[PDB]
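Below: the structure, in structure tokens.
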Amino acid sequence: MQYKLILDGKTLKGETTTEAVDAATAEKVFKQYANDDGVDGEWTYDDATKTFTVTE
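For the sequence shown, position 43 (counting from the first letter as 1) is numbered 43 according to the authors' numbering, and the numbering increases by one without interruption.
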């Protein structure tokens, strides 16, 4: 399944995607991506749109 990540960081904003078997797996992929880009924030998830948001 496709999942989307919205980054609402102080110095990085935008969106990316990944393909994952479920949302728990997508969450780990996205949390690694965000950490690698220095984005530390609060994570929220909307299942209807398969979209994570990280807000710094």
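Every residue gets a Cβ at the ideal spot worked out from N, C-alpha and C, and that includes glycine.
Residue interval of the alpha helix (DSSP H) (run including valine 54): It is not in any alpha helix (DSSP H) - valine 54 instead sits in the beta strand (DSSP E) that spans 51 to 55.
Within 8 angstroms, strictly: CB atoms of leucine 7 and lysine 13: yes
Considering only the alpha carbon of each residue, which of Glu19, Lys31 and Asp46 lies closest to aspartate 40? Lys31
Between which residues of its own chain and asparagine 35 is the CB-CB distance below 6 angstroms, once the five residues before and five after are set aside? none
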